[PDB]
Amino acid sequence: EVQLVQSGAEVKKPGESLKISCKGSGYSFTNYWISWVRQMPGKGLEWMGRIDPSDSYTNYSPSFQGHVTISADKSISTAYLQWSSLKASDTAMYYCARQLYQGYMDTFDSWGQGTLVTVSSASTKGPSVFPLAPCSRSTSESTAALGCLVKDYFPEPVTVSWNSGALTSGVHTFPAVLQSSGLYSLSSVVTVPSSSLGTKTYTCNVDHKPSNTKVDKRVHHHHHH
């Protein structure tokens, strides 16, 4: 098969340089152009530039002209995208794609799996985990919600399970939000029968590979009022 495989996820600080790669296989590398495309968090696709690997002739979007360098090492069927000095705003998914000229236009017929680039001045940090539980006299239905707030970690992602994976039904783990501190925060919740509160125990298990931490939190409202 025609295949493009990109280098792995990157986490960098502003001002650092970076070079990411795209290796093509299952075709004549020099017969097809490669394009680079940017997709910022929650946004659409942006064409950055292209390169003809047969002679390294390049074209850049005016938006990207002067900010990135596209290159190719045709001897190893690899294309590259590089920055001399990263900025936080360069945080995005980057795709390489093969161009196939059909119907008299260039089309992006084969895509790499993407390379996630995160640029931030933040340093690696494990989360704090806090319970989410209702006030004592607030459970007003037969269904109650519980959860945990996973706060102040970097970088993404964390993984959350409930009762060691025994509990999966009704679980909602929300997208993380980036706080003004530069650290992320997310919540995970679960709905359970109001009757099981106190009779059954609910614990969230929070893994953060980047910091090599794991935090469990048994969830309840500790009442003093």
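So that there is no doubt, residue numbering starts at 1 and follows the sequence shown.
Engineer: On mean C-alpha B-factor from the PDB entry, just flag whether 75 to 83 or 113 to 121 is the higher one.
Structural biologist: For C-alpha atoms only, the mean B-factor is higher in 75 to 83.
Engineer: Name the higher of the two by mean Cα B-factor in the PDB entry, 15 to 23 versus 202 to 210.
Structural biologist: The stretch with the larger mean CA B-factor is 15 to 23.
Engineer: Highest Cα temperature factor in the entry, among the options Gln39, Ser161, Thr173, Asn31: which one is it?
Structural biologist: Highest CA B-factor of the listed options: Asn31.
Engineer: Which listed residue, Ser195, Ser187, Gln179, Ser35, has the largest C-alpha temperature factor in the record?
Structural biologist: Top of the list by C-alpha B-factor: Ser195.
Engineer: For the chain shown, is the CA B-factor of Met48 in the lowest, middle or highest third of its modelled residues?
Structural biologist: Answer is middle: the recorded C-alpha B-factor places it there.
Engineer: Rank-wise, by C-alpha B-factor, drop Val68 into the lowest, middle or highest third of its chain.
Structural biologist: It falls in the top third of the chain.
Engineer: Which third, lowest, middle or highest, does the C-alpha temperature factor of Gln99 belong to within its own chain?
Structural biologist: Middle third of the chain for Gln99's C-alpha B-factor.
Engineer: Per the entry's values, where does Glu141 land by CA temperature factor relative to the rest of its chain, in the lowest, middle or highest third?
Structural biologist: For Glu141, the deposited C-alpha B-factor lands in the highest third.
Engineer: Thinking about Cα B factors across the chain, which third does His224 belong to?
Structural biologist: It falls in the top third of the chain.
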